[PDB]
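*Asks:* Okay, handing you the structure first.
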Amino acid sequence: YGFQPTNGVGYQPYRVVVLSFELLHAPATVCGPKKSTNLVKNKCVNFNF
Amino acid sequence: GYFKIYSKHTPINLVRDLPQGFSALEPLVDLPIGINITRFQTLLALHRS
Ligand SMILES: *[C@@H]1O[C@H](CO)[C@@H](O)[C@H](O)[C@H]1NC(C)=O
């Protein structure tokens, strides 16, 4: 590569990371959390504890 | 594909035969990793002295 300080767009170093999500027979294990709301009491509500 | 290990310790006084007592075993650890285990071994640390 020919990275130079005056090189414009197209010649400068580009950092690239590729994420591959495979779903094979093993149980899924990588993913984010779920938002937890504030808890209420003494009111007819519905919930997903 | 889950390896479950349940454990329980109990002080005893009798030498050889298993006691005529009763005690449940709590769920201790779960492992969400799938393997085809068929046979198992045991590990000792002999007094190399
Ligand atoms: C055990 O082997 C069978 C076929 O031999 C396979 O279908 C199964 O997924 C294997 N389980 C493992 C590797 O945990």
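Here's how to read the names in the structure tokens: chain A, B, ... by the order shown, residue numbers from 1 in each chain, ligand numbers from 1 in the order shown.
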If you take only C-alpha atoms and all ligand atoms and a cut-off of 8 Å, which residues of chain B touch ligand 1, and what are their nearest atom pairs and distances in Å to one decimal, in chain and number order, as a tab-separated table?
*Replies:*
residue	atom	partner	partner_atom_place_in_ligand_line	distance
B:1	CA	ligand 1	14 (O)	5.8
B:33	CA	ligand 1	14 (O)	7.7
B:34	CA	ligand 1	14 (O)	4.0
B:35	CA	ligand 1	14 (O)	3.2
B:36	CA	ligand 1	14 (O)	4.3
B:37	CA	ligand 1	14 (O)	7.7
*Asks:* For the selection just defined, write its residues with N, CA and C atoms to a file, as a short mmCIF file (atom, residue, chain, number, x, y, z; two decimals), in the first residue's frame.
*Replies:*
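Output saved as selection-v2.cif:
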data_model
loop_
_atom_site.label_atom_id
_atom_site.label_comp_id
_atom_site.auth_asym_id
_atom_site.auth_seq_id
_atom_site.Cartn_x
_atom_site.Cartn_y
_atom_site.Cartn_z
N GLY B 1 -27.81 -30.84 24.46
CA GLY B 1 -26.60 -30.06 24.37
C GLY B 1 -26.26 -29.28 25.61
N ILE B 33 -23.24 -26.17 26.16
CA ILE B 33 -22.28 -26.59 25.14
C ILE B 33 -22.58 -28.04 24.78
N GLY B 34 -22.70 -28.31 23.48
CA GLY B 34 -23.11 -29.62 23.01
C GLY B 34 -21.99 -30.55 22.63
N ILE B 35 -21.84 -31.65 23.38
CA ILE B 35 -20.83 -32.67 23.12
C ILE B 35 -21.51 -34.02 23.26
N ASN B 36 -20.85 -35.06 22.76
CA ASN B 36 -21.42 -36.40 22.66
C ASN B 36 -20.81 -37.36 23.68
N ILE B 37 -20.61 -36.89 24.91
CA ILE B 37 -19.91 -37.68 25.92
C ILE B 37 -20.53 -39.06 26.06
#
*Asks:* Using only C-alpha atoms, find the residues of chain A whose closest atom to chain B is at most 12 Å away, then write them as number ranges by chain.
*Replies:* A: 24-29
*Asks:* Please, what distance in Å, to one decimal, runs between atom CA of residue 29 of chain B and atom CA of residue 6 of chain B?
*Replies:*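 Separating atom CA of residue 29 of chain B from atom CA of residue 6 of chain B is a distance of 6.7 Å.
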*Asks:* Work out how far atom CA of residue 38 of chain B is from atom CA of residue 4 of chain B, in Å to one decimal.
*Replies:*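 Result for atom CA of residue 4 of chain B versus atom CA of residue 38 of chain B: 14.9 Å, one decimal.
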*Asks:* What is the distance, in Å and to one decimal place, between atom CA of residue 19 of chain A and atom CA of residue 35 of chain A?
*Replies:*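 Atom CA of residue 19 of chain A sits 23.9 Å away from atom CA of residue 35 of chain A.
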*Asks:* Env of residue 13 of chain A: 10 Å cut, atoms = only C-alpha atoms, seq-sep filter 6 positions within chain, self excluded. Answer as a PyMOL selection string.
*Replies:* chain A and resi 1-4+7
*Asks:* For the residues in the current selection, export N, CA, C and O atoms as a PDB file, in the first residue's frame.
*Replies:*
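Everything below was put into part_32.pdb:
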ATOM      1  N   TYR A   1       0.827  -1.195   0.000  1.00  0.00           N
ATOM      2  CA  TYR A   1       0.000   0.000   0.000  1.00  0.00           C
ATOM      3  C   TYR A   1       0.868   1.254   0.000  1.00  0.00           C
ATOM      4  O   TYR A   1       2.022   1.238   0.435  1.00  0.00           O
ATOM      5  N   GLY A   2       0.295   2.348  -0.491  1.00  0.00           N
ATOM      6  CA  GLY A   2       1.035   3.584  -0.645  1.00  0.00           C
ATOM      7  C   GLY A   2       0.507   4.732   0.189  1.00  0.00           C
ATOM      8  O   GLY A   2       0.393   5.857  -0.306  1.00  0.00           O
ATOM      9  N   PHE A   3       0.170   4.458   1.450  1.00  0.00           N
ATOM     10  CA  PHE A   3      -0.414   5.478   2.312  1.00  0.00           C
ATOM     11  C   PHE A   3       0.530   6.665   2.466  1.00  0.00           C
ATOM     12  O   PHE A   3       1.685   6.508   2.875  1.00  0.00           O
ATOM     13  N   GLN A   4       0.031   7.853   2.141  1.00  0.00           N
ATOM     14  CA  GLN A   4       0.784   9.091   2.243  1.00  0.00           C
ATOM     15  C   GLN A   4      -0.050  10.139   2.964  1.00  0.00           C
ATOM     16  O   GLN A   4      -1.282  10.115   2.887  1.00  0.00           O
ATOM     17  N   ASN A   7      -2.382  11.909   0.665  1.00  0.00           N
ATOM     18  CA  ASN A   7      -3.319  11.097  -0.101  1.00  0.00           C
ATOM     19  C   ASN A   7      -4.751  11.433   0.293  1.00  0.00           C
ATOM     20  O   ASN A   7      -5.083  11.501   1.479  1.00  0.00           O
TER      21      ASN A   7
END
